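K.L.:
The structure's right below; bear with me while I get my questions together.
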Amino acid sequence: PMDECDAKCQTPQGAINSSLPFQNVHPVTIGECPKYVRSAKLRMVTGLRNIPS
Amino acid sequence: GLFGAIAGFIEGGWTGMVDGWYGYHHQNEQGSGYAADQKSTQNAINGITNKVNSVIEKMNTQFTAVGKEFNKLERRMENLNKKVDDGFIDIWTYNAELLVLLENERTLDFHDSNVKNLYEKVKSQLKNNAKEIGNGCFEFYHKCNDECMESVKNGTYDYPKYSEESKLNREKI
Amino acid sequence: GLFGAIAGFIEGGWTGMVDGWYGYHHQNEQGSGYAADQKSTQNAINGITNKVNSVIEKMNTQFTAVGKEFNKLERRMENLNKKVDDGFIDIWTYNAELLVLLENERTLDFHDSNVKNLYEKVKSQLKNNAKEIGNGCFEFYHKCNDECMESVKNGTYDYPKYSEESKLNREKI
Amino acid sequence: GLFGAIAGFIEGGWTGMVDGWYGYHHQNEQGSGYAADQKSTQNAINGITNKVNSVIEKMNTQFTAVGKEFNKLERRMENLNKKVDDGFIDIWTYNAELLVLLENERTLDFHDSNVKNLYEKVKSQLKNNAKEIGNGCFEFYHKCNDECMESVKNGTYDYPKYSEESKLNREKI
Amino acid sequence: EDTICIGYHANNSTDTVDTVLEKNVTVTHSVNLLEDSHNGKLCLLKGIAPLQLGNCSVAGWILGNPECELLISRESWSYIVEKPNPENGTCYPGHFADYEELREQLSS
Ligand SMILES: *[C@@H]1O[C@H](CO)[C@@H](O[C@@H]2O[C@H](CO)[C@@H](O)[C@H](O)[C@H]2NC(C)=O)[C@H](O)[C@H]1NC(C)=O
Ligand SMILES: *[C@@H]1O[C@H](CO)[C@@H](O)[C@H](O)[C@H]1NC(C)=O
Ligand SMILES: *[C@@H]1O[C@H](CO)[C@@H](O)[C@H](O)[C@H]1NC(C)=O
Ligand SMILES: *[C@@H]1O[C@H](CO)[C@@H](O)[C@H](O)[C@H]1NC(C)=O
Ligand SMILES: *[C@@H]1O[C@H](CO)[C@@H](O)[C@H](O)[C@H]1NC(C)=O
Ligand SMILES: *[C@@H]1O[C@H](CO)[C@@H](O)[C@H](O)[C@H]1NC(C)=O
Ligand SMILES: *[C@@H]1O[C@H](CO)[C@@H](O)[C@H](O)[C@H]1NC(C)=O
C-alpha cells in the first residue's frame, strides 16, 4: 500500500530506516540506503557476559 | 578472562550494581555495598562510542538506485550483473561478519584488560599492608571506613596510615 | 611471548609430550615426567574449531558459471569484465591474506595468553609456600607426590598442607 | 596502558633519549642518564618493517586503464559502471580505513606489551633484592655501578651479589 | 573483618551473539547493527512524492492511454512505482524497442 509517510530509503518489501548500515532483507533499494547481505543477524556487543550464581 | 580474570580467577558477574559496568564491593563494620567506578567505566564507554561512530560513519551511502532489468537477448549482461551484484553482496557480507566477530572479541579483551589494569591499581597501593584472598578480593590486616574506601577508589591511600597495624596483625600469621 | 613467556621468560618448547598442546612437567622423588592439561587445551581447541568453522562457512558458494567471451566489437564489455573480475579477485585476495596473517597472529596471542593465565593459576595457590625459580618452574620448600601433582592440576592445593614446612624450610634462606 | 603501563602506572613519555624507542634510565652515584634497549627495540622495529612490507606488497597493481565513456543510449552501462566503480571504491575505502585503525591499535598494544614484558624481565632478577617504587622504577637496597647497569640490561644479575646487602638494608624497614 | 573486592556488572538479560570462540554467547547489553525489518509501506523520499501508475504500464503512462491518468501536474518525483505484472500495456500491440533503455533514462 501507498502511504503519506516519509523516508530516506525504499524497497518493495517496505520503506526503510536509513539509520543503520545494513539489511539482509532484500537487495533492491532506492535512496540513502543500507547494504544487503545473505545473513540472519549481526549484533555487536556493547556490554559483556551475564552470569548469576 | 583472556588475560586471567573473567572465567579466570573470577568465576562470574554480579547483578546488584547497575549504575556503571565496573566498580568495587566495599565490606566494613558499617555494612556491605556495591559502588561503581565511573572513571574507567566512562573512559571505556567513550571508547565504545568512538568505535560505533567509527563503524557506522565509515560507510558512505549514495543516493542510489539498485536494480535493473534486461531482455533475453542480453543474458551476458543479465548473468554478469547477477554475478557482479552477488559478488559485492558476498564481499560486504564476509567482511562485515568477520568485523562483528573480531570487534566483539576485542571488546571482551578490552573489558578484561580494563579490569585487570584496575586490579593492578588496587594491588599497587596495598601490597604488603593487605593480602590477596581467594579471588577477586583483598583482606586487610587493618580496618577501613567509607573515607578509606572513597580514597582507595580515586588512587589515594597514604601508605603509612595502617602500615604498622598491618605490620603487627600480619605477625600472628 | 607477546605477553611475556614464549620467547619471553620461556625460551623454547618441548617435544616429549604429544597428547595435548599444554601441560606440566612433574619432578619428584618418584621420578620425572610430562603430563598434559586437557582442560584448557580442549577449551582452546574448541575455540579453534569454532574459528575455522566460522571462517569456511561464512563463504557462500553459488552454483556458478564464471566465464564469458566476446567479439572485438564489444571491447567495452571485454576490458570492463576484465577489470570487474580482476577487481573482485584482488579484493578477495587482499582481505583473505590479511585475514590469514591477523588470525595467525591472534592465534599466537591466544596461546600465549592461555599459558600466561595458567601460570597465574599455578602461582595463585603456591605464592609463599613455594618460590619462583629460573623461568617456567617453581621450586617447593616442601615435597609433593603424584596425588599432590594431580591436585595442583585441577585447581586444588589445600594451602595449610605444607604451609609450615615451607614456613620453616624458607628460613634457612 | 592497555595492559597497564602507558597512561597506566606510567603517566607519560620522555624526550631526552632518541637513539631507540625503549631503554632504561640509570641513576647512581656516578650520575644520571638514559640508555636505549636496542635488542627488543630492534626486534620490534623488524616487526614493523615486516608489517608494512606485508601491507604494501599485498596489493597487486595492474598495468591499468581506469576510465570509459558512453553515449546516452547506453545509460544502463553508464549508471551500472558508475555503481560498479563506486562499489569497488567504497569497499577498498572501508576495508583500508578499518585496517589503519585496527593496525595502529594493535601497534599500541604491541608497544605496550613489549614494555610490560621488559618490566617483568627487570622484576624477575631483582624480586626480593630490590623493591618496587612509585611507578616505572625500582629502588635498590644495595648499590649499582655502570657494570651492574650493563649487566642488568642484557639479562644478567648474579643474584647472590647483593643478596645480603639487600637482606640487611631491608631490615630497618 | 574488613575486606575489599572488585566488582562488575551483570543483569537478567539473555541477548546473545555468535563469536569466534563460542556461539550463542550471552551478554548484558548488546546492539543490533542490522535493520532486519521493513514497514511494509510505500512511503516517499524526503517530502518528495513518487510517481504512481496503479495498474498502468510505462507504455500506458508515457503514450497517453485514457485509462491511465496523464498527470501533467506531476512535474518531478522521488521514484517510480509499478506492480510486477502491469495490467495496461498497449491497447494496439506492437514491439517497443529499447524498453530497458528508456526505463533507465527515465530512472530519474
Ligand atoms: C486495477 O485492476 C483491478 C483488477 O483487479 C481493477 O479492479 C476492478 O475495480 C472495479 C471498480 O473500480 C470493479 O468494478 C471490478 O470488479 C474490479 N475487478 C477486479 C478483478 O478486481 C481496478 O479497478 C484497477 N484500477 C485501476 C486504477 O485501473
Ligand atoms: C529508525 O532507527 C532509529 C535507530 O534505530 C530509531 O531511533 C528510530 O525510531 C527509527 N525510526 C523508524 C521510523 O523506524
Ligand atoms: C579522593 O577521595 C578522598 C576521600 O576518600 C578525597 O579527600 C579526595 O579529595 C579525593 N580526590 C580526588 C582527586 O577526587
Ligand atoms: C582433583 O584431584 C584430586 C587428587 O589429585 C581429587 O581428589 C579431586 O577429586 C580432583 N577434583 C576434580 C574436580 O577433578
Ligand atoms: C652482559 O653485560 C656484562 C657487563 O654488564 C658483560 O660482562 C657480558 O658479557 C654481557 N653479556 C652479553 C651476552 O652481552
Ligand atoms: C529484565 O529486566 C529488564 C529491565 O527491568 C526488563 O525490561 C526485562 O523484561 C526483564 N526480563 C526478564 C526476563 O525479567
Ligand atoms: C548454546 O550452545 C551450546 C552448545 O553446546 C549449548 O550447550 C547451549 O545450550 C546453547 N544455549 C542456547 C540458549 O542456545
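Residues are referred to by chain and number: the chain letter is A, B, ... according to the order shown in the C-alpha cells, the number counts from 1 in that chain, and ligands are numbered separately from 1 in the order shown.
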Once chain B is fitted onto chain D by least squares over all its in-order Cα atoms, send the moved chain as a compact mmCIF listing (two decimals) with C-alpha atoms, in the first residue's frame.

P.N.:
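Saved result, selection-v9.txt, follows:
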# COMPACT_ATOMS: atom_id res chain seq x y z
CA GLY B 1 48.47 1.22 29.02
CA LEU B 2 46.01 -1.25 27.61
CA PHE B 3 47.98 -3.80 29.61
CA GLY B 4 48.67 -1.39 32.46
CA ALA B 5 51.62 0.98 31.87
CA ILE B 6 51.32 3.79 29.32
CA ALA B 7 48.60 6.04 30.69
CA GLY B 8 48.54 3.24 33.26
CA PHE B 9 51.01 3.03 36.10
CA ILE B 10 53.23 5.18 33.82
CA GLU B 11 51.82 8.64 33.09
CA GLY B 12 53.93 9.83 30.16
CA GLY B 13 56.97 9.53 27.95
CA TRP B 14 60.40 11.14 27.85
CA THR B 15 62.11 13.30 25.24
CA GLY B 16 65.74 13.02 26.35
CA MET B 17 66.59 9.72 24.69
CA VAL B 18 66.36 9.39 20.89
CA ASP B 19 68.65 6.51 19.86
CA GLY B 20 65.97 3.87 20.35
CA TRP B 21 62.32 3.78 21.26
CA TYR B 22 62.89 1.87 24.54
CA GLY B 23 65.55 1.80 27.21
CA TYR B 24 66.29 2.40 30.86
CA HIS B 25 67.19 5.44 32.91
CA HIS B 26 70.15 4.68 35.17
CA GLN B 27 70.63 6.53 38.47
CA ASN B 28 73.71 6.00 40.61
CA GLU B 29 76.48 7.93 42.38
CA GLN B 30 78.35 8.48 39.12
CA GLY B 31 75.30 10.36 37.87
CA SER B 32 72.12 10.04 35.87
CA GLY B 33 71.44 9.15 32.28
CA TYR B 34 69.29 7.48 29.66
CA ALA B 35 70.29 4.45 27.59
CA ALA B 36 68.37 2.61 24.90
CA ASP B 37 67.32 -1.07 24.66
CA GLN B 38 68.33 -1.85 21.09
CA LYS B 39 67.62 -5.59 21.46
CA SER B 40 63.87 -5.54 21.94
CA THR B 41 63.63 -2.20 20.14
CA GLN B 42 65.24 -3.59 17.00
CA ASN B 43 63.19 -6.79 17.28
CA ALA B 44 60.00 -4.73 17.38
CA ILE B 45 61.08 -2.46 14.53
CA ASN B 46 61.85 -5.54 12.46
CA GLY B 47 58.26 -6.49 13.19
CA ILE B 48 57.05 -3.11 11.94
CA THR B 49 59.12 -3.45 8.79
CA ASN B 50 57.65 -6.88 8.15
CA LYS B 51 54.19 -5.39 8.73
CA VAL B 52 54.44 -2.53 6.27
CA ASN B 53 56.07 -4.73 3.67
CA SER B 54 53.19 -7.12 4.37
CA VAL B 55 50.70 -4.26 3.81
CA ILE B 56 52.03 -2.60 0.70
CA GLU B 57 53.16 -5.69 -1.20
CA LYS B 58 49.85 -7.49 -0.68
CA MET B 59 48.37 -5.13 -3.22
CA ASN B 60 48.88 -6.10 -6.86
CA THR B 61 48.74 -3.08 -9.16
CA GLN B 62 47.99 -3.98 -12.76
CA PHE B 63 49.03 -2.01 -15.80
CA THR B 64 45.60 -0.48 -15.78
CA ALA B 65 43.37 1.87 -17.73
CA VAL B 66 40.60 3.12 -15.47
CA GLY B 67 38.09 5.11 -17.39
CA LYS B 68 35.43 4.73 -20.03
CA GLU B 69 32.80 6.83 -21.72
CA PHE B 70 29.43 6.14 -23.28
CA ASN B 71 26.63 7.58 -25.33
CA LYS B 72 23.23 8.43 -23.82
CA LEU B 73 21.69 5.33 -25.49
CA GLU B 74 23.61 3.13 -23.01
CA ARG B 75 22.62 4.62 -19.64
CA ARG B 76 22.40 1.03 -18.48
CA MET B 77 26.14 0.72 -18.89
CA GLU B 78 26.69 4.26 -17.63
CA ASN B 79 24.81 4.06 -14.35
CA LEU B 80 25.95 0.45 -13.98
CA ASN B 81 29.65 1.27 -14.45
CA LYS B 82 29.19 4.17 -12.05
CA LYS B 83 27.70 1.81 -9.45
CA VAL B 84 30.32 -0.86 -10.17
CA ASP B 85 33.26 1.51 -9.77
CA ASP B 86 31.81 3.32 -6.76
CA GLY B 87 31.12 -0.07 -5.20
CA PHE B 88 34.76 -1.06 -5.54
CA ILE B 89 35.99 2.35 -4.37
CA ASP B 90 33.85 2.21 -1.28
CA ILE B 91 34.85 -1.34 -0.43
CA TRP B 92 38.57 -0.61 -0.66
CA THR B 93 37.91 2.57 1.33
CA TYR B 94 36.09 0.79 4.13
CA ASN B 95 38.46 -2.17 4.40
CA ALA B 96 41.51 0.09 4.23
CA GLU B 97 40.25 2.52 6.85
CA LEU B 98 39.39 -0.23 9.30
CA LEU B 99 42.82 -1.69 8.60
CA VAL B 100 44.58 1.56 9.51
CA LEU B 101 42.56 1.97 12.71
CA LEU B 102 42.97 -1.61 13.83
CA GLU B 103 46.63 -1.87 12.87
CA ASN B 104 47.51 1.27 14.77
CA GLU B 105 45.54 -0.07 17.73
CA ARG B 106 47.47 -3.33 17.57
CA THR B 107 50.66 -1.28 17.25
CA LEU B 108 49.87 0.48 20.52
CA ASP B 109 49.15 -2.89 22.04
CA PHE B 110 52.39 -4.24 20.57
CA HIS B 111 54.42 -1.50 22.18
CA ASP B 112 52.53 -1.69 25.49
CA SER B 113 53.05 -5.41 25.63
CA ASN B 114 56.76 -5.15 24.86
CA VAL B 115 57.40 -2.68 27.67
CA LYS B 116 55.27 -4.74 30.03
CA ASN B 117 57.31 -7.81 29.15
CA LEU B 118 60.52 -5.91 29.79
CA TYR B 119 59.18 -4.70 33.11
CA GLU B 120 58.66 -8.33 34.05
CA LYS B 121 62.21 -9.10 32.90
CA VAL B 122 63.58 -6.36 35.16
CA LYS B 123 61.45 -7.62 38.03
CA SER B 124 62.42 -11.26 37.52
CA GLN B 125 66.02 -10.73 38.60
CA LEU B 126 65.57 -8.25 41.41
CA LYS B 127 62.49 -9.59 43.19
CA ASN B 128 63.46 -9.52 46.88
CA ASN B 129 66.85 -7.86 46.45
CA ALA B 130 65.21 -4.57 45.38
CA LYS B 131 61.73 -3.09 45.66
CA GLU B 132 59.07 -1.51 43.54
CA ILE B 133 58.92 2.23 43.98
CA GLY B 134 56.28 4.73 42.84
CA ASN B 135 55.76 3.74 39.25
CA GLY B 136 58.16 2.87 36.45
CA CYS B 137 61.18 2.37 38.74
CA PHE B 138 62.77 0.05 41.29
CA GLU B 139 64.94 1.20 44.21
CA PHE B 140 67.80 -0.97 45.36
CA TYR B 141 68.59 -1.75 48.97
CA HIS B 142 72.21 -2.00 47.65
CA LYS B 143 74.35 0.00 45.19
CA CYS B 144 74.87 -0.48 41.45
CA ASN B 145 77.64 0.70 39.10
CA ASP B 146 77.64 1.06 35.31
CA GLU B 147 78.82 -2.55 35.04
CA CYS B 148 75.79 -3.53 37.12
CA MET B 149 73.57 -1.47 34.80
CA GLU B 150 75.02 -3.05 31.66
CA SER B 151 74.67 -6.49 33.24
CA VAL B 152 71.04 -5.96 34.20
CA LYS B 153 70.25 -4.78 30.67
CA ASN B 154 71.32 -7.96 28.88
CA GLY B 155 69.59 -10.37 31.29
CA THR B 156 72.34 -10.94 33.88
CA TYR B 157 72.48 -10.10 37.59
CA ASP B 158 74.16 -12.89 39.60
CA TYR B 159 71.52 -12.98 42.41
CA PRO B 160 73.96 -13.67 45.33
CA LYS B 161 75.97 -10.50 44.52
CA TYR B 162 73.96 -8.07 46.70
CA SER B 163 71.62 -10.62 48.25
CA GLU B 164 72.99 -9.95 51.73
CA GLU B 165 73.16 -6.16 51.44
CA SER B 166 69.51 -6.22 50.48
CA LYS B 167 68.82 -8.79 53.21
CA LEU B 168 70.22 -6.36 55.84
CA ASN B 169 69.25 -2.94 54.47
CA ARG B 170 65.69 -4.21 54.16
CA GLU B 171 65.54 -4.96 57.85
CA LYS B 172 65.46 -1.37 59.06
CA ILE B 173 62.22 -1.18 57.02

K.L.:
Excluding residue 27 in chain A and any residue of its chain fewer than 3 positions from it, enumerate the residues within 8 Å of it, using only C-alpha atoms, and give them as a compact mmCIF listing (two decimals) with N, CA and C atoms, in the first residue's frame.

P.N.:
# COMPACT_ATOMS: atom_id res chain seq x y z
N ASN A 24 19.59 -7.44 5.59
CA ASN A 24 19.63 -8.74 4.94
C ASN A 24 18.34 -9.02 4.21
N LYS A 35 23.25 -1.55 2.92
CA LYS A 35 23.73 -2.57 2.01
C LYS A 35 23.22 -3.94 2.43
N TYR A 36 23.02 -4.77 1.43
CA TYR A 36 22.40 -6.07 1.59
C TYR A 36 23.44 -7.11 1.98
N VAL A 37 22.99 -8.12 2.72
CA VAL A 37 23.74 -9.36 2.88
C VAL A 37 22.81 -10.54 2.74
N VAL B 66 19.20 0.68 -7.06
CA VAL B 66 19.86 -0.62 -7.16
C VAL B 66 19.61 -1.26 -8.52

K.L.:
Under the rule of at most 8 Å, produce a per-residue listing of chain A near ligand 2: chain, number, name, the closest pair of atoms, and the distance in Å, as a tab-separated table, using only C-alpha atoms and all ligand atoms.

P.N.:
residue	atom	partner	partner_atom_place_in_ligand_line	distance
A:16	CA	ligand 2	14 (O)	7.5
A:17	CA	ligand 2	1 (C)	4.9
A:18	CA	ligand 2	1 (C)	6.9
A:19	CA	ligand 2	2 (O)	5.2
A:20	CA	ligand 2	5 (O)	6.9

K.L.:
Could those selected residues go to a file with C-alpha atoms, as a PDB file, in the first residue's frame?

P.N.:
ATOM      1  CA  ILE A  16      13.333   1.587   5.226  1.00  0.00           C
ATOM      2  CA  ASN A  17      15.020   3.191   8.186  1.00  0.00           C
ATOM      3  CA  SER A  18      18.250   4.616   6.764  1.00  0.00           C
ATOM      4  CA  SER A  19      19.877   4.854  10.210  1.00  0.00           C
ATOM      5  CA  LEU A  20      21.764   1.581  10.226  1.00  0.00           C
TER       6      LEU A  20
END

K.L.:
Where in chain A does DSSP assign strand (DSSP E or B), given as a VMD selection string?

P.N.:
chain A and resid 2 to 7 9 to 11 14 to 16 22 to 23 30 to 32 35 to 36 43 to 45

K.L.:
Using only C-alpha atoms, find which residues of chain A lie within 12 Å of chain C and jot them down as a list in words.

P.N.:
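Using only C-alpha atoms, chain A residues at most 12 Å from chain C: residues 37, 38, 39 and 40 of chain A.
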
K.L.:
Can you work out which residues are within 10 Å of ligand 6, considering only C-alpha atoms and all ligand atoms, and then hand them over as a count of residues only?

P.N.:
5

K.L.:
For range 82-99 of chain E, find every residue with an atom within 7 Å (counting only C-alpha atoms), except residues of its own chain fewer than 6 positions away, and show them as a PyMOL selection string.

P.N.:
chain E and resi 52-57+59-60

K.L.:
Can I get the selected residues back with N, CA and C atoms, as a CSV table (one decimal), in the first residue's frame?

P.N.:
chain,number,residue,atom,x,y,z
E,52,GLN,N,3.1,7.2,-9.2
E,52,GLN,CA,2.3,6.0,-9.1
E,52,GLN,C,1.7,5.8,-10.5
E,53,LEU,N,1.7,4.5,-10.9
E,53,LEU,CA,1.0,4.1,-12.1
E,53,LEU,C,-0.3,3.3,-11.8
E,54,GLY,N,-0.4,2.8,-10.6
E,54,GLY,CA,-1.6,2.0,-10.3
E,54,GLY,C,-1.5,0.6,-11.0
E,55,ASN,N,-2.4,0.5,-12.1
E,55,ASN,CA,-2.4,-0.6,-13.0
E,55,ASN,C,-1.6,-0.4,-14.2
E,56,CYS,N,-1.1,0.8,-14.5
E,56,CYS,CA,-0.6,1.1,-15.8
E,56,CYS,C,0.8,0.6,-16.1
E,57,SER,N,1.1,0.4,-17.3
E,57,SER,CA,2.4,0.2,-17.8
E,57,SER,C,3.1,1.6,-18.0
E,59,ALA,N,4.3,2.1,-20.9
E,59,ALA,CA,3.7,2.4,-22.2
E,59,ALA,C,2.4,3.2,-22.0
E,60,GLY,N,1.5,2.7,-21.2
E,60,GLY,CA,0.3,3.3,-20.9
E,60,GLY,C,0.4,4.7,-20.2

K.L.:
So that I can see what lies close to range 43-50 of chain A, please list as a list in words the residues with an atom at most 6 Å from it, counting only C-alpha atoms and leaving out residues fewer than 5 positions away in the same chain.

P.N.:
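Close residues of range 43-50 of chain A: residues 100 and 104 of chain B; 10, 26, 27, 28, 29, 30, 31, 32 and 33 of chain E.
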
K.L.:
Give me, as number ranges by chain, the residues of chain E touching chain D, with the criterion being at most 10 Å (counting only C-alpha atoms).

P.N.:
E: 98, 100-107

K.L.:
Selected residues, N, CA, C and O atoms, written as an mmCIF file, in the first residue's frame, please.

P.N.:
data_model
loop_
_atom_site.group_PDB
_atom_site.id
_atom_site.type_symbol
_atom_site.label_atom_id
_atom_site.label_comp_id
_atom_site.auth_asym_id
_atom_site.auth_seq_id
_atom_site.Cartn_x
_atom_site.Cartn_y
_atom_site.Cartn_z
ATOM 1 N N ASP E 98 13.935 -1.092 -27.032
ATOM 2 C CA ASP E 98 14.772 -0.388 -26.067
ATOM 3 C C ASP E 98 13.983 0.095 -24.847
ATOM 4 O O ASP E 98 14.291 1.154 -24.276
ATOM 5 N N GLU E 100 14.108 -1.125 -21.957
ATOM 6 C CA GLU E 100 15.061 -1.104 -20.868
ATOM 7 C C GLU E 100 15.745 0.245 -20.813
ATOM 8 O O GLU E 100 15.856 0.871 -19.755
ATOM 9 N N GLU E 101 16.226 0.670 -21.976
ATOM 10 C CA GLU E 101 17.000 1.896 -22.074
ATOM 11 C C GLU E 101 16.160 3.099 -21.709
ATOM 12 O O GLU E 101 16.627 4.024 -21.035
ATOM 13 N N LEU E 102 14.904 3.092 -22.143
ATOM 14 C CA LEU E 102 14.033 4.205 -21.814
ATOM 15 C C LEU E 102 13.695 4.207 -20.335
ATOM 16 O O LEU E 102 13.484 5.268 -19.738
ATOM 17 N N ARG E 103 13.604 3.021 -19.732
ATOM 18 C CA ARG E 103 13.375 2.960 -18.295
ATOM 19 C C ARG E 103 14.555 3.533 -17.536
ATOM 20 O O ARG E 103 14.391 4.290 -16.574
ATOM 21 N N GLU E 104 15.758 3.190 -17.975
ATOM 22 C CA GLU E 104 16.945 3.667 -17.287
ATOM 23 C C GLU E 104 17.122 5.159 -17.501
ATOM 24 O O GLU E 104 17.559 5.881 -16.599
ATOM 25 N N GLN E 105 16.771 5.640 -18.686
ATOM 26 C CA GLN E 105 16.812 7.069 -18.942
ATOM 27 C C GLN E 105 15.772 7.809 -18.132
ATOM 28 O O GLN E 105 16.030 8.935 -17.693
ATOM 29 N N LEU E 106 14.617 7.194 -17.929
ATOM 30 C CA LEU E 106 13.582 7.694 -17.045
ATOM 31 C C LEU E 106 13.678 7.094 -15.655
ATOM 32 O O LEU E 106 12.676 7.055 -14.941
ATOM 33 N N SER E 107 14.855 6.599 -15.266
ATOM 34 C CA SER E 107 15.106 6.264 -13.876
ATOM 35 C C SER E 107 14.874 7.455 -12.965
ATOM 36 O O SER E 107 14.260 7.308 -11.903
#

K.L.:
With distances taken over only C-alpha atoms and all ligand atoms, which residue among E:23, E:73, E:67, E:80 lies nearest ligand 1?

P.N.:
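Of the candidates, the smallest distance to ligand 1 is held by E:67.
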
K.L.:
List all protein, DNA and RNA residues that have at least one atom no more than 8 Å from any atom of ligand 7, counting only C-alpha atoms and all ligand atoms, and write them as a list in words.

P.N.:
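Sorted by chain and then by number, the residues are residues 22, 23, 24 and 25 of chain E.
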
K.L.:
Name all residues at most 7 Å from residue 6 in chain A (count only C-alpha atoms; drop same-chain ones fewer than 6 positions away) and give them as a PyMOL selection string.

P.N.:
chain E and resi 43-47

K.L.:
In terms of the shortest atom-to-atom distance over only C-alpha atoms and all ligand atoms, which of E:108, E:39, E:78, E:65 is closest to ligand 1?

P.N.:
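Comparing E:108, E:39, E:78, E:65 against ligand 1, the winner is E:65.
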
K.L.:
Would you return as number ranges by chain the members of range 8-124 of chain C that DSSP assigns to helix (DSSP H, G or I) on this structure's backbone?

P.N.:
C: 38-56, 75-124

K.L.:
Write the residues you've just listed into a file as a PDB file, in the first residue's frame, and include C-alpha atoms for each of them.

P.N.:
ATOM      1  CA  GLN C  38      43.403 -31.393  28.598  1.00  0.00           C
ATOM      2  CA  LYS C  39      41.013 -28.928  30.280  1.00  0.00           C
ATOM      3  CA  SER C  40      42.338 -25.654  28.936  1.00  0.00           C
ATOM      4  CA  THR C  41      43.828 -27.420  25.924  1.00  0.00           C
ATOM      5  CA  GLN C  42      40.456 -28.807  24.870  1.00  0.00           C
ATOM      6  CA  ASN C  43      38.773 -25.476  25.621  1.00  0.00           C
ATOM      7  CA  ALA C  44      41.226 -23.718  23.329  1.00  0.00           C
ATOM      8  CA  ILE C  45      40.927 -26.324  20.590  1.00  0.00           C
ATOM      9  CA  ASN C  46      37.154 -25.964  20.758  1.00  0.00           C
ATOM     10  CA  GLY C  47      37.848 -22.292  20.132  1.00  0.00           C
ATOM     11  CA  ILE C  48      39.949 -23.135  17.086  1.00  0.00           C
ATOM     12  CA  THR C  49      37.238 -25.421  15.755  1.00  0.00           C
ATOM     13  CA  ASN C  50      34.673 -22.666  16.171  1.00  0.00           C
ATOM     14  CA  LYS C  51      37.071 -20.304  14.388  1.00  0.00           C
ATOM     15  CA  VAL C  52      37.665 -22.409  11.303  1.00  0.00           C
ATOM     16  CA  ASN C  53      34.000 -23.307  11.044  1.00  0.00           C
ATOM     17  CA  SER C  54      33.403 -19.558  11.374  1.00  0.00           C
ATOM     18  CA  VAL C  55      35.884 -18.916   8.525  1.00  0.00           C
ATOM     19  CA  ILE C  56      34.892 -21.511   5.970  1.00  0.00           C
ATOM     20  CA  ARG C  75      35.904  -4.242 -26.139  1.00  0.00           C
ATOM     21  CA  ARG C  76      33.972  -2.088 -23.707  1.00  0.00           C
ATOM     22  CA  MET C  77      32.484  -5.220 -22.205  1.00  0.00           C
ATOM     23  CA  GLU C  78      35.758  -7.107 -22.611  1.00  0.00           C
ATOM     24  CA  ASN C  79      38.095  -4.703 -20.841  1.00  0.00           C
ATOM     25  CA  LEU C  80      35.302  -3.880 -18.401  1.00  0.00           C
ATOM     26  CA  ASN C  81      34.639  -7.519 -17.472  1.00  0.00           C
ATOM     27  CA  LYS C  82      38.390  -7.997 -17.163  1.00  0.00           C
ATOM     28  CA  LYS C  83      38.593  -5.046 -14.759  1.00  0.00           C
ATOM     29  CA  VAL C  84      35.453  -6.167 -12.907  1.00  0.00           C
ATOM     30  CA  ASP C  85      36.688  -9.714 -12.369  1.00  0.00           C
ATOM     31  CA  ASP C  86      40.246  -8.696 -11.537  1.00  0.00           C
ATOM     32  CA  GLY C  87      38.826  -6.158  -9.095  1.00  0.00           C
ATOM     33  CA  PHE C  88      36.905  -8.861  -7.275  1.00  0.00           C
ATOM     34  CA  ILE C  89      39.849 -11.283  -7.384  1.00  0.00           C
ATOM     35  CA  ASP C  90      42.179  -8.731  -5.908  1.00  0.00           C
ATOM     36  CA  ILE C  91      39.759  -7.711  -3.180  1.00  0.00           C
ATOM     37  CA  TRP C  92      39.178 -11.276  -2.021  1.00  0.00           C
ATOM     38  CA  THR C  93      42.934 -11.804  -2.246  1.00  0.00           C
ATOM     39  CA  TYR C  94      43.779  -8.808  -0.099  1.00  0.00           C
ATOM     40  CA  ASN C  95      41.083  -9.359   2.528  1.00  0.00           C
ATOM     41  CA  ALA C  96      41.858 -13.067   2.728  1.00  0.00           C
ATOM     42  CA  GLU C  97      45.606 -12.597   3.063  1.00  0.00           C
ATOM     43  CA  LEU C  98      45.247 -10.017   5.815  1.00  0.00           C
ATOM     44  CA  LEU C  99      42.815 -12.399   7.493  1.00  0.00           C
ATOM     45  CA  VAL C 100      45.330 -15.253   7.494  1.00  0.00           C
ATOM     46  CA  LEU C 101      48.116 -13.045   8.855  1.00  0.00           C
ATOM     47  CA  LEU C 102      45.993 -11.447  11.536  1.00  0.00           C
ATOM     48  CA  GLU C 103      44.235 -14.648  12.555  1.00  0.00           C
ATOM     49  CA  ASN C 104      47.505 -16.481  12.978  1.00  0.00           C
ATOM     50  CA  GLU C 105      48.817 -13.530  14.981  1.00  0.00           C
ATOM     51  CA  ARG C 106      45.755 -13.656  17.211  1.00  0.00           C
ATOM     52  CA  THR C 107      46.246 -17.422  17.461  1.00  0.00           C
ATOM     53  CA  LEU C 108      49.755 -16.891  18.811  1.00  0.00           C
ATOM     54  CA  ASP C 109      48.330 -14.346  21.199  1.00  0.00           C
ATOM     55  CA  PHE C 110      45.567 -16.782  22.144  1.00  0.00           C
ATOM     56  CA  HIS C 111      48.054 -19.471  23.036  1.00  0.00           C
ATOM     57  CA  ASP C 112      50.416 -17.060  24.809  1.00  0.00           C
ATOM     58  CA  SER C 113      47.568 -15.698  26.848  1.00  0.00           C
ATOM     59  CA  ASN C 114      46.304 -19.149  27.806  1.00  0.00           C
ATOM     60  CA  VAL C 115      49.681 -20.264  29.124  1.00  0.00           C
ATOM     61  CA  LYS C 116      50.133 -16.961  30.925  1.00  0.00           C
ATOM     62  CA  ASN C 117      46.746 -17.429  32.570  1.00  0.00           C
ATOM     63  CA  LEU C 118      47.700 -20.932  33.629  1.00  0.00           C
ATOM     64  CA  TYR C 119      50.977 -19.657  35.027  1.00  0.00           C
ATOM     65  CA  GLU C 120      48.961 -17.286  37.174  1.00  0.00           C
ATOM     66  CA  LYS C 121      46.734 -20.195  38.239  1.00  0.00           C
ATOM     67  CA  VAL C 122      49.786 -22.174  39.332  1.00  0.00           C
ATOM     68  CA  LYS C 123      51.143 -19.150  41.158  1.00  0.00           C
ATOM     69  CA  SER C 124      47.845 -18.353  42.859  1.00  0.00           C
TER      70      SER C 124
END
